[PDB]
Protein chains: 2
Amino acid sequence: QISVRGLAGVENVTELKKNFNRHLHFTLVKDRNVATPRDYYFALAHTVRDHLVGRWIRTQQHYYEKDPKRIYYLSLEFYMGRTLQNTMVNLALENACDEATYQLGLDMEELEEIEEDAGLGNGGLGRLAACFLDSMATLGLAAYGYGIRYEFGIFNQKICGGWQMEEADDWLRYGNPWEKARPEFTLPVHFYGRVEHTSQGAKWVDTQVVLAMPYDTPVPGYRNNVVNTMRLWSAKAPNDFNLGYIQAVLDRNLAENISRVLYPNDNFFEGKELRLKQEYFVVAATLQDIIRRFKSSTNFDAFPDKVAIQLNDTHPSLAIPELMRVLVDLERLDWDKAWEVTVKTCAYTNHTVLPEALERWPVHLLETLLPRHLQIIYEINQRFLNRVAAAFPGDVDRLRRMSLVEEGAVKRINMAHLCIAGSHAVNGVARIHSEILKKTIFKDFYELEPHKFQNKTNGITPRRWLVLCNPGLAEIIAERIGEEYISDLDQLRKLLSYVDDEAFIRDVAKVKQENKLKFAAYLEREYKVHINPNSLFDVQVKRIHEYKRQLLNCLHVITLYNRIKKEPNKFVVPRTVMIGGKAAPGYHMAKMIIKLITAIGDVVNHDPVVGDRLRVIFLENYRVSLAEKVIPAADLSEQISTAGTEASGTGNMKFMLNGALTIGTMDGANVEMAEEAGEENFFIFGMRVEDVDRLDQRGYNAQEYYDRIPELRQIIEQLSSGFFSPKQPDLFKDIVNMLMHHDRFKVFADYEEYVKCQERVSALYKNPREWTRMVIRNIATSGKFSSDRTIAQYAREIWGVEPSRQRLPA
Amino acid sequence: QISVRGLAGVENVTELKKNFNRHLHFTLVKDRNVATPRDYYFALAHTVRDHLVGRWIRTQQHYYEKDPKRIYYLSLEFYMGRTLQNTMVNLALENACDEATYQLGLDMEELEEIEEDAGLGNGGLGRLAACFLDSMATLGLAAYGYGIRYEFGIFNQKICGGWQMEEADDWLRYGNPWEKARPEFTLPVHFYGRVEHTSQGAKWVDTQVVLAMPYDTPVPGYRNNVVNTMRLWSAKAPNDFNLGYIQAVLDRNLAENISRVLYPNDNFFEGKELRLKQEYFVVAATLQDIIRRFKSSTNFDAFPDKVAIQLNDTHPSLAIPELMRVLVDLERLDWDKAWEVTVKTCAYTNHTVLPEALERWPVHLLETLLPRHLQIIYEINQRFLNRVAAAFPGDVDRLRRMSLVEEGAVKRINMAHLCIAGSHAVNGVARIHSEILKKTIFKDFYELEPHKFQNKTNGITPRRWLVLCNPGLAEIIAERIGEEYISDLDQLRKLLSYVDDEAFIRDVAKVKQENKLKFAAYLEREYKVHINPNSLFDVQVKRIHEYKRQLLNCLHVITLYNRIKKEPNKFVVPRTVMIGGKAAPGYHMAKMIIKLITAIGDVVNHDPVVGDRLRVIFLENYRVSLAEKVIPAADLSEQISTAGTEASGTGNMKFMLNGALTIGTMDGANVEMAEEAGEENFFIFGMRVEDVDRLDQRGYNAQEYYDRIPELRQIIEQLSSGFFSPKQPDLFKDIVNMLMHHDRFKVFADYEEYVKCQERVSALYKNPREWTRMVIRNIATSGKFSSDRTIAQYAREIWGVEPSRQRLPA
Ligand SMILES: OC[C@H]1O[C@@H](c2ncc(-c3ccccc3)[nH]2)[C@H](O)[C@@H](O)[C@@H]1O
Ligand SMILES: OC[C@H]1O[C@@H](c2ncc(-c3ccccc3)[nH]2)[C@H](O)[C@@H](O)[C@@H]1O
Ligand SMILES: *Cc1c(COP(=O)(O)O)cnc(C)c1O
Ligand SMILES: *Cc1c(COP(=O)(O)O)cnc(C)c1O
């Protein structure tokens with residue numbers, strides 16, 4: 001059908017059809033008389049998977065022979081989404097599979113919808129890791145993603161009576177065809193125990209053992225025949241575990257719980273023992289695998305030449321003391337030499353400055369769980385602080401500020417400080433964020449070792465986030481500039497030559513309109529909700545958080561509603577306002593925000609005076625597969641975090657690539673997006689970081705805004721009085737109280753500028769041609785935000801390896 | 001190589017080789033440079049499995065079209081053992097696979113040893129169910145085995161310092177290629193709750209739900225292209241289960257524990273809640289499946305014409321009240337009609353008369369777990385006792401004896417009484433056992449309904465238990481009488497014509513000698529133990545129990561040792577005495593017996609005066625795969641249970657078929673074995689059932705035997721004084737005390753006759769030709785003990801269906 005989807009050759013189509021039938025019979029043990037759509041999905045998945053195998057084996061053989069430097073990306077989260085379409089895209093099989101299934105009487109798009117997301121992450125951080133794996137394969141790096149195979153990923157969200165309910169994501173129920181269990185490479189991981197000091201070193205003894213069993217998933221690069229590995233560990237009890245008899249067998253669940261469930265907090269630290277066990281489990285199993293592979297190449301001098309470990313935030317920070325443990329206690333290196341190797345091997349990426357998100361573990365937990373690691377951390381701390389003391393003599397407050405050990409009621413270890421001390425490079429994830437790190441929370445460290453600090457602005461893969469989810473847009477682009485841009489996104493700059501081209505303008509607008517119709521149909525079909533596809537699609541999709549300010553959007557929506565009710569017969573640009581995202585189950589305020597959004601919808605969507613000029617929809621169960629549907633359909637991307645709080649954002653980049661305009665604060669990567677596109681082509685509003693600092697210095701008083709802005713006072717009085725909750729008039733009192741007296745994120749301070757900026761959005765939407773021209777200017781300058789760019793920078797500036805676009809032989 | 005193993009055609013061998021290579025690459029994702037023997041085993045298993053698929057689909061299609069009466073065999077245990085060789089045997093692929101693997105440079109026997117037993121049973125009862133499934137497929141019956149897929153089967157036994165240790169049997173660790181998960185046919189099962197009485201019937205409400213997910217395993221018939229199904233249920237929590245958040249997800253293990261582990265008791269009742277949950281889980285899921293299949297053929301009159309349910313002991317007895325529940329509460333049949341259907345559908349097999357093995361559940365457990373079922377059982381009981389009262393008016397003691405409800409400290413439900421009331425047929429498992437049932441524990445029921453009571457003497461499948469484990473013997477038989485006997489074992493009678501044939505005599509003895517050499521090599525290789533292959537191999541393998549009297553064997557062994565020490569320079573026939581079997585983990589006396597056997601070995605095996613004239617070996621981890629090795633190697637089969645205690649025995653039959661002579665009491669099927677072969681060709685000793693009754697009437701006094709038999713007194717004094725435990729002289733005091741004062745199984749009473757009979761064994765072994773002739777007379781008369789005979793009797797006399805030997809098309 002469309003060019004970028006590859007060839008449908010007769011030989012290939014014939015072969016796919018016979019292999020589909022073979023799997024249906026032999027693999028699934030079904031015949032066509034009783035097979036369901038799910039069986040058909042599985043038959044196609046196995047058929048496509050077979051095409052990965054030769055390339056997977058050959059890639060891994062190639063790395064064994066050539067022995068390149070290996071990159072190990074450690075993360076507690078990999079938010080992969082679905083695999084079938086991505087695999088077809090990267091192997092150039094999409095049109096052939098479409099044809100084959102068509103000839104068998106099946107609709108491939110319908111089969112694609114059966115696949116479960118692999119939801120092994122919370123949001124941005126987990127999805128970044130997934131985009132990174134795609135880029136590393138596409139750039140030919142010998143890279144491995146290491147994580148935990150959670151039995152239950154991020155919960156499925158149901159909305160009941162306007163409230164979030166959680167249900168378990170039993171994603172493995174029907175089986176996962178994309179992983180390969182590797183029980184033969186199972187490794188032991190130790191917990192608890194005690195340390196004995198002998199004549200020749202410390203010994204960690206009397207430990208409890210849990211086994212780590214690996215499952216490998218292939219990660220195909222884009223049309224280069226490279227297939228890298230994501231290895232995820234699963235917890236298993238040893239067979240003599242607890243070994244009256246029946247109870248001992250049932251108690252194996254105590255060990256196996258380590259990999260049972262993903263902690264569902266986004267940008268928040270919950271200091272529970274089970275989470276710490278997860279963090280050590282992934283690190284301990286991974287490092288044995290790394291060392292095994294290194295020895296199969298005595299001399300650890302070369303370790304940093306052959307190994308890079310990248311820590312995705314502090315979650316795998318125990319890699320640092322674990323590597324020291326292994327080198328010192330087991331390989332018998334002297335401390336100084338072990339430390340040199342460790343520092344040169346490890347690098348740390350910071351993804352947040354919010355204090356409630358920073359990991360600070362109680363010493364007593366580490367003392368009990370990981371006694372040798374605590375000893376090592378103390379020794380690291382003493383030696384580090386000796387360096388600080390020599391560099392800044394007499395500066396005793398610096399010593400307390402920089403210590404890895406925080407004093408107080410409960411002593412804690414600051415894991416971010418540990419990562420900086422033990423890494424040769426520390427980066428933030430957007431230019432403003434990296435600058436904030438050097439100016440504020442890591443200022444002391446930057447003064448001591450300025451060379452360590454870098455920036456690596458985040459990106460997204462244009463395979464998943466354009467070609468896969470928006471084939472219509474990919475095609476009209478390819479018609480003009482060819483296909484090379486899919487792995488070299490900077491080529492989209494060539495589209496600036498088409499900003500006055502009437503045909504291109506028409507095609508860009510038609511693709512958006514088709515995406516909007518398709519999404520509006522999806523809504524009716526799966527959720528019996530009826531929306532106007534000619535309205536402006538105004539979307540904020542992301543995790544629910546105070547700092548992301550879904551509440552500010554809410555205030556705007558109520559303002560629009562009140563303005564309509566005040567002058568019903570005046571024309572306003574029609575909007576469909578869509579807000580979606582999950583709240584952490586324990587985060588009461590975030591759950592209240594969801595209820596507020598649905599409550600606003602209940603009033604607005606049923607007011608006959610409003611008609612279809614304003615609709616407010618809560619998009620349930622936002623996840624990667626839903627992002628792939630809604631983002632291509634959006635007109636306006638809401639990126640409205642308080643300046644200084646969103647380290648980067650990546651949803652922002654997805655919307656830019658897909659032909660939405662952005663309304664946003666100068667926060668995270670929004671700053672670089674505006675710089676690339678031009679400030680004239682971006683709807684920027686609100687306080688900058690320096691304005692937030694000025695407000696904090698004199699003191700934020702929300703009452704001042706309430707007193708001076710009548711439209712804002714009206715809304716607060718409506719909330720307080722029960723206008724949006726007639727049967728429970730005091731329902732939103734927690735929200736009002738927070739806004740009025742302890743709002744850390746200054747919602748009222750950006751309200752006026754936000755509403756005024758939204759008026760400018762509506763004015764531009766009234767002129768379709770000029771709206772579309774501004775869109776073309778955004779799409780054309782989105783190239784910087786490819787994760788191929790990001791990964792090439794990590795490769796050259798941190799890992800010391802050169803990317804390659806050269807094909808392996810097929 | 002050998003005839004009965006089928007053809008090795010060039011086309012077939014070529015095809016097997018290419019499919020082996022295909023699976024190795026695509027299924028296992030390995031190349032030949034890194035593949036291990038385990039990968040090679042899996043490649044062969046997938047290759048052989050592919051040959052089952054077409055026949056499996058076609059068989060099940062055939063039953064859908066023809067709609068025969070379906071037989072459902074319900075059991076808590078299916079002791080399947082390994083599947084690879086059995087599958088090759090039944091599909092006539094053994095020689096082709098041997099050739100294919102040979103050409104690939106692999107030894108197929110070595111690959112076969114990698115497969116784990118499916119150990120989903122304790123011993124005889126579980127293995128009977130497995131032999132039955134093989135026979136039902138071989139006889140063309142539309143039969144389904146339904147059970148529980150335990151995550152952990154019977155424990156692996158380790159011997160440490162002479163003591164049994166248990167370790168978990170993690171049989172699924174590397175995956176099970178023989179099962180097919182069928183998550184799409186998952187069914188709900190209810191627990192707890194309460195009963196509400198409405199205008200139109202009872203309602204069971206407020207229940208907790210656990211899901212039952214089926215896994216299907218193919219059961220191939222012998223060369224008839226029939227492939228039946230064994231469906232095993234696995235417990236899954238619903239996704240809203242318990243739905244702070246993390247704990248709710250972790251607590252899913254509470255529901256999933258139902259299928260976690262097999263209770264490891266043989267012929268013993270442990271009345272625990274988890275066991276009751278297992279019993280209901282299998283019954284409830286199975287009956288929904290049965291009813292679904294029946295409706296896909298409103299009129300339940302025809303149900304008994306289309307369905308037979310066979311209860312393997314009382315473990316699935318809840319089928320009776322569950323079927324009533326469904327028919328009355330859900331389908332709204334009147335009680336009398338529902339009862340008629342239930343009785344005509346269900347049949348019960350009893351496998352034990354030991355009081356400690358009979359299931360009697362406390363009413364309070366059923367009250368809490370299964371409140372509606374208790375109500376139904378009470379109603380069954382009232383209506384049944386009304387029938388008793390009308391038949392035997394005024395006999396009030398009969399009413400109390402026959403009641404389903406046992407009065408006492410705790411009221412209990414007698415499940416055997418429930419099964420008899422609700423079944424149209426009740427059978428024992430050997431003629432003497434069936435007679436005991438009518439004379440003793442079920443006498444009252446027999447008087448009320450004599451027509452219900454039958455006998456079905458047990459059997460064993462000659463596919464696994466001759467062709468597979470003893471190909472050498474199968475071959476020399478086939479050379480004389482052809483291959484037809486493998487599915488018509490009565491043809492072995494033709495071998496009586498060869499009892500004076502010098503060539504046949506030589507071949508039978510050579511096959512035994514080769515089996516003994518092979519087993520002696522296995523011992524050294526895997527357990528560094530050195531045995532004399534010219535000695536008489538004297539073997540007792542079976543679960544450790546007081547009633548099976550491993551202790552009586554022990555007394556004989558010590559007697560032989562003491563006789564040697566008394567006259568060292570006299571000739572005695574050399575013996576290797578092998579005893580193996582698992583003890584239930586909670587069964588203290590059985591664990592002490594294991595320790596006694598190893599302690600005797602420690603003394604005997606290291607006494608230089610004994611030399612290699614007597615060796616005592618404890619065979620560790622006895623299980624189906626070990627039985628397949630040791631049974632072909634045995635000379636003498638020890639079947640020495642106290643008369644009246646072993647309902648049938650099936651090991652006895654395995655030894656007979658494989659060329660061992662039997663020393664045994666007249667118990668269980670030993671009686672029929674002696675009758676078939678001739679008493680002259682069997683070493684029979686000891687009390688008959690009527691002698692045991694006479695002793696019980698006057699009172700068993702063990703001291704009398706101690707006082708009159710000096711050889712016996714010597715042994716007891718050795719045990720008591722610490723001769724077999726120097727460092728712990730009082731180690732065996734529990735054993736001595738039991739023997740002397742509370743031996744329910746009268747070990748001393750059979751001692752003299754046993755020792756004298758063993759002397760006759762030794763005398764015959766000195767004459768190889770006459771020993772071998774007696775062997776031929778046993779093998780030749782073993783035909784009755786095929787489970788094909790057994791199943792044809794169930795089919796004709798209980799289920800009302802005709803067996804068929806006709807091939808389905810391939
Ligand atoms: O760099 C990728 C993204 O990482 C998010 C992130 N930081 C910390 C976490 C986090 C902490 C604890 C548990 C789970 C996730 N998540 C930031 O909020 C985004 O701005 C950023 O675009
Ligand atoms: O009929 C097959 C075999 O069944 C055994 C048996 N009866 C009850 C059980 C039993 C009870 C509770 C839990 C597990 C197993 N096992 C008998 O002891 C054998 O004689 C007989 O040959
Ligand atoms: C991209 C993405 C995110 C991150 O969005 P932000 O707006 O940067 O927070 C979160 N969730 C899902 C499912 C995503 O695809
Ligand atoms: C046949 C068999 C049994 C039953 O043996 P009996 O001597 O009848 O108790 C027990 N266990 C295994 C592994 C068997 O193969």
# chains A, B, ... in the order shown; residues from 1 in each chain; ligands from 1

call {"tool": "residues_near_ligand", "arguments": {"ligand": "ligand 4", "cutoff": "9 Å", "atoms": "only C-alpha atoms and all ligand atoms", "output": "NGL selection string"}}
result
:B and (79 or 81 or 119 or 121-128 or 460 or 540-544 or 548 or 581-582 or 622-628 or 638-639 or 646 or 648-654)

call {"tool": "write_last_selection", "arguments": {"atoms": "C-alpha atoms", "output": "mmCIF file, in the first residue's frame"}}
result
data_model
loop_
_atom_site.group_PDB
_atom_site.id
_atom_site.type_symbol
_atom_site.label_atom_id
_atom_site.label_comp_id
_atom_site.auth_asym_id
_atom_site.auth_seq_id
_atom_site.Cartn_x
_atom_site.Cartn_y
_atom_site.Cartn_z
ATOM 1 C CA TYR B 79 2.482 -40.305 37.823
ATOM 2 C CA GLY B 81 7.348 -40.288 34.300
ATOM 3 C CA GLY B 119 6.234 -36.811 39.151
ATOM 4 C CA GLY B 121 1.916 -38.804 42.082
ATOM 5 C CA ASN B 122 3.126 -40.704 45.138
ATOM 6 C CA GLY B 123 3.335 -44.294 43.901
ATOM 7 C CA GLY B 124 0.896 -46.975 42.850
ATOM 8 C CA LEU B 125 -2.341 -45.010 42.635
ATOM 9 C CA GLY B 126 -0.816 -42.222 40.521
ATOM 10 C CA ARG B 127 1.001 -44.691 38.284
ATOM 11 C CA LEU B 128 -2.192 -46.718 37.779
ATOM 12 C CA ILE B 460 0.240 -52.231 33.976
ATOM 13 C CA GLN B 540 12.129 -54.398 47.182
ATOM 14 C CA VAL B 541 11.200 -51.074 45.631
ATOM 15 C CA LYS B 542 8.034 -49.291 46.742
ATOM 16 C CA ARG B 543 7.032 -46.538 49.175
ATOM 17 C CA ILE B 544 8.345 -47.029 52.736
ATOM 18 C CA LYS B 548 4.721 -53.138 53.215
ATOM 19 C CA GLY B 581 11.518 -45.940 48.243
ATOM 20 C CA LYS B 582 10.405 -42.615 49.627
ATOM 21 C CA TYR B 622 13.060 -44.230 43.655
ATOM 22 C CA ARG B 623 10.727 -42.907 40.991
ATOM 23 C CA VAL B 624 9.287 -44.049 37.615
ATOM 24 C CA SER B 625 12.537 -43.460 35.628
ATOM 25 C CA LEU B 626 14.518 -45.504 38.207
ATOM 26 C CA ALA B 627 11.903 -48.295 38.204
ATOM 27 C CA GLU B 628 12.445 -48.570 34.441
ATOM 28 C CA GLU B 638 9.888 -58.815 47.255
ATOM 29 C CA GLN B 639 6.117 -58.510 47.682
ATOM 30 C CA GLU B 646 -1.973 -54.292 49.987
ATOM 31 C CA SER B 648 -3.463 -54.883 44.791
ATOM 32 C CA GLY B 649 0.111 -53.837 44.206
ATOM 33 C CA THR B 650 1.356 -53.064 40.702
ATOM 34 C CA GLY B 651 5.147 -53.242 41.140
ATOM 35 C CA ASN B 652 4.550 -56.952 41.575
ATOM 36 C CA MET B 653 3.193 -57.120 38.010
ATOM 37 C CA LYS B 654 6.088 -55.114 36.566
#

call {"tool": "residues_near_ligand", "arguments": {"ligand": "ligand 1", "cutoff": "10 Å", "atoms": "only C-alpha atoms and all ligand atoms", "output": "ChimeraX atom specification"}}
result
/A:76-77,121-129,262-270,312-315,349-354,356-359,428-430,433,456-459,543,547-548,641,645-653,667-669

call {"tool": "write_last_selection", "arguments": {"atoms": "C-alpha atoms", "output": "CSV table (one decimal), in the first residue's frame"}}
result
chain,number,residue,atom,x,y,z
A,76,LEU,CA,14.8,-0.8,36.9
A,77,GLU,CA,12.3,0.0,34.1
A,121,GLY,CA,7.9,1.1,33.5
A,122,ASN,CA,6.0,4.0,34.9
A,123,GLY,CA,6.4,6.7,32.2
A,124,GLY,CA,9.2,8.8,30.9
A,125,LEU,CA,12.2,7.2,32.4
A,126,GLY,CA,11.1,3.6,31.4
A,127,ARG,CA,10.2,4.7,27.9
A,128,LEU,CA,13.5,6.5,27.5
A,129,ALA,CA,15.3,3.3,28.2
A,262,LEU,CA,6.9,-3.0,39.5
A,263,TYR,CA,6.7,-0.2,42.0
A,264,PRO,CA,4.1,2.1,40.5
A,265,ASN,CA,5.6,5.5,41.5
A,266,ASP,CA,6.7,8.1,39.0
A,267,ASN,CA,9.3,10.6,40.1
A,268,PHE,CA,8.9,9.6,43.8
A,269,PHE,CA,11.0,7.6,46.3
A,270,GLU,CA,9.3,5.0,48.5
A,312,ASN,CA,19.7,5.0,34.7
A,313,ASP,CA,19.2,7.3,37.7
A,314,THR,CA,20.3,6.1,41.2
A,315,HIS,CA,18.1,3.0,41.1
A,349,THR,CA,22.4,9.9,34.6
A,350,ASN,CA,20.3,12.1,36.8
A,351,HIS,CA,16.6,12.5,35.8
A,352,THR,CA,15.1,14.6,38.6
A,353,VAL,CA,15.7,17.4,41.1
A,354,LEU,CA,12.6,16.9,43.1
A,356,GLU,CA,10.9,13.6,47.3
A,357,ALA,CA,12.3,11.6,44.3
A,358,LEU,CA,15.9,11.4,45.5
A,359,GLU,CA,16.9,8.0,46.9
A,428,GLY,CA,21.4,15.7,33.1
A,429,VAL,CA,18.8,15.2,30.4
A,430,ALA,CA,18.2,18.6,29.0
A,433,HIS,CA,18.3,20.7,33.9
A,456,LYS,CA,22.7,14.8,27.1
A,457,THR,CA,19.4,16.1,26.0
A,458,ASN,CA,16.8,13.4,25.7
A,459,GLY,CA,15.2,12.1,22.5
A,543,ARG,CA,1.5,10.8,34.7
A,547,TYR,CA,4.4,19.4,39.4
A,548,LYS,CA,3.0,18.6,35.9
A,641,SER,CA,5.1,22.1,34.3
A,645,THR,CA,10.6,20.8,37.7
A,646,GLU,CA,10.4,18.7,34.5
A,647,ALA,CA,14.0,17.5,34.0
A,648,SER,CA,13.3,17.0,30.3
A,649,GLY,CA,10.0,15.6,29.2
A,650,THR,CA,9.7,13.3,26.2
A,651,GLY,CA,6.0,13.4,25.4
A,652,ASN,CA,6.7,16.9,24.3
A,653,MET,CA,9.0,15.6,21.6
A,667,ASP,CA,11.0,24.0,31.3
A,668,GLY,CA,13.1,20.9,30.5
A,669,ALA,CA,13.5,20.2,26.8

call {"tool": "select_by_dssp", "arguments": {"residues": "stretch 191-343 of chain B", "states": "helix (DSSP H, G or I)", "output": "PDB file with C-alpha atoms, in the first residue's frame"}}
result
ATOM      1  CA  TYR B 245      -1.454  -1.908  46.310  1.00  0.00           C
ATOM      2  CA  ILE B 246       1.878  -3.796  46.525  1.00  0.00           C
ATOM      3  CA  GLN B 247       0.654  -6.134  49.270  1.00  0.00           C
ATOM      4  CA  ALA B 248      -2.548  -6.888  47.320  1.00  0.00           C
ATOM      5  CA  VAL B 249      -0.514  -8.032  44.338  1.00  0.00           C
ATOM      6  CA  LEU B 250       1.818 -10.137  46.525  1.00  0.00           C
ATOM      7  CA  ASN B 253      -0.105 -16.303  46.135  1.00  0.00           C
ATOM      8  CA  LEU B 254      -2.868 -17.185  48.584  1.00  0.00           C
ATOM      9  CA  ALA B 255      -5.125 -18.235  45.659  1.00  0.00           C
ATOM     10  CA  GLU B 256      -2.329 -19.687  43.545  1.00  0.00           C
ATOM     11  CA  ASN B 257      -1.048 -21.971  46.302  1.00  0.00           C
ATOM     12  CA  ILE B 258      -3.854 -24.424  45.529  1.00  0.00           C
ATOM     13  CA  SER B 259      -1.823 -25.955  42.644  1.00  0.00           C
ATOM     14  CA  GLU B 273      -7.702 -27.329  54.410  1.00  0.00           C
ATOM     15  CA  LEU B 274      -5.308 -26.863  51.484  1.00  0.00           C
ATOM     16  CA  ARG B 275      -5.879 -30.512  50.450  1.00  0.00           C
ATOM     17  CA  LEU B 276      -9.627 -30.022  50.539  1.00  0.00           C
ATOM     18  CA  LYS B 277      -9.273 -26.926  48.383  1.00  0.00           C
ATOM     19  CA  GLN B 278      -7.283 -29.020  45.857  1.00  0.00           C
ATOM     20  CA  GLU B 279      -9.979 -31.691  45.818  1.00  0.00           C
ATOM     21  CA  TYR B 280     -12.774 -29.200  45.125  1.00  0.00           C
ATOM     22  CA  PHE B 281     -10.704 -27.184  42.628  1.00  0.00           C
ATOM     23  CA  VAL B 282     -10.172 -30.186  40.352  1.00  0.00           C
ATOM     24  CA  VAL B 283     -13.813 -31.314  40.631  1.00  0.00           C
ATOM     25  CA  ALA B 284     -15.405 -27.907  40.063  1.00  0.00           C
ATOM     26  CA  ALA B 285     -13.318 -26.985  37.032  1.00  0.00           C
ATOM     27  CA  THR B 286     -13.681 -30.467  35.524  1.00  0.00           C
ATOM     28  CA  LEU B 287     -17.465 -30.640  35.854  1.00  0.00           C
ATOM     29  CA  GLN B 288     -17.946 -27.276  34.047  1.00  0.00           C
ATOM     30  CA  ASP B 289     -15.850 -28.611  31.209  1.00  0.00           C
ATOM     31  CA  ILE B 290     -17.855 -31.855  31.116  1.00  0.00           C
ATOM     32  CA  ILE B 291     -21.170 -30.004  31.034  1.00  0.00           C
ATOM     33  CA  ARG B 292     -19.941 -27.545  28.385  1.00  0.00           C
ATOM     34  CA  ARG B 293     -18.902 -30.405  26.112  1.00  0.00           C
ATOM     35  CA  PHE B 294     -22.234 -32.169  26.747  1.00  0.00           C
ATOM     36  CA  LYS B 295     -24.358 -29.111  25.815  1.00  0.00           C
ATOM     37  CA  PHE B 300     -30.148 -34.125  31.038  1.00  0.00           C
ATOM     38  CA  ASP B 301     -31.926 -37.488  30.688  1.00  0.00           C
ATOM     39  CA  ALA B 302     -29.255 -38.369  28.126  1.00  0.00           C
ATOM     40  CA  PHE B 303     -26.318 -37.204  30.338  1.00  0.00           C
ATOM     41  CA  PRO B 304     -25.477 -40.719  31.606  1.00  0.00           C
ATOM     42  CA  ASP B 305     -25.605 -42.002  27.995  1.00  0.00           C
ATOM     43  CA  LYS B 306     -22.943 -39.499  26.986  1.00  0.00           C
ATOM     44  CA  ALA B 319     -17.939 -34.577  42.174  1.00  0.00           C
ATOM     45  CA  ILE B 320     -21.107 -36.149  43.573  1.00  0.00           C
ATOM     46  CA  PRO B 321     -22.466 -33.146  45.528  1.00  0.00           C
ATOM     47  CA  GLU B 322     -21.047 -30.727  42.909  1.00  0.00           C
ATOM     48  CA  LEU B 323     -22.974 -32.437  40.093  1.00  0.00           C
ATOM     49  CA  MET B 324     -26.126 -32.287  42.269  1.00  0.00           C
ATOM     50  CA  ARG B 325     -25.445 -28.604  42.976  1.00  0.00           C
ATOM     51  CA  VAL B 326     -25.154 -27.732  39.314  1.00  0.00           C
ATOM     52  CA  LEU B 327     -28.184 -29.796  38.269  1.00  0.00           C
ATOM     53  CA  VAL B 328     -30.469 -28.603  41.095  1.00  0.00           C
ATOM     54  CA  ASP B 329     -29.354 -25.004  41.779  1.00  0.00           C
ATOM     55  CA  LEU B 330     -28.253 -23.917  38.310  1.00  0.00           C
ATOM     56  CA  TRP B 335     -33.868 -33.475  43.218  1.00  0.00           C
ATOM     57  CA  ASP B 336     -34.952 -37.012  42.325  1.00  0.00           C
ATOM     58  CA  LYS B 337     -34.169 -36.554  38.641  1.00  0.00           C
ATOM     59  CA  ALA B 338     -30.765 -34.948  39.403  1.00  0.00           C
ATOM     60  CA  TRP B 339     -29.935 -37.874  41.724  1.00  0.00           C
ATOM     61  CA  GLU B 340     -30.834 -40.477  39.106  1.00  0.00           C
ATOM     62  CA  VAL B 341     -28.530 -38.761  36.605  1.00  0.00           C
ATOM     63  CA  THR B 342     -25.725 -38.469  39.162  1.00  0.00           C
ATOM     64  CA  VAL B 343     -25.828 -42.109  40.250  1.00  0.00           C
TER      65      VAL B 343
END

call {"tool": "closest_atom_pairs", "arguments": {"of": "chain B", "to": "chain A", "cutoff": "6 Å", "atoms": "only C-alpha atoms", "output": "Markdown table"}}
result
| residue | atom | partner | partner_atom | distance |
| --- | --- | --- | --- | --- |
| B:167 | CA | A:240 | CA | 5.2 |
| B:168 | CA | A:239 | CA | 5.1 |
| B:239 | CA | A:168 | CA | 5.1 |
| B:240 | CA | A:167 | CA | 5.2 |

call {"tool": "residues_around", "arguments": {"residues": "residue B:553", "least_positions_apart": "4", "cutoff": "12 Å", "atoms": "only C-alpha atoms", "output": "ChimeraX atom specification"}}
result
/B:538-541,546,548-549,557-560,577-580,593,596-597,600,616,637-641,663-664,747-748,750-751,754-755,758
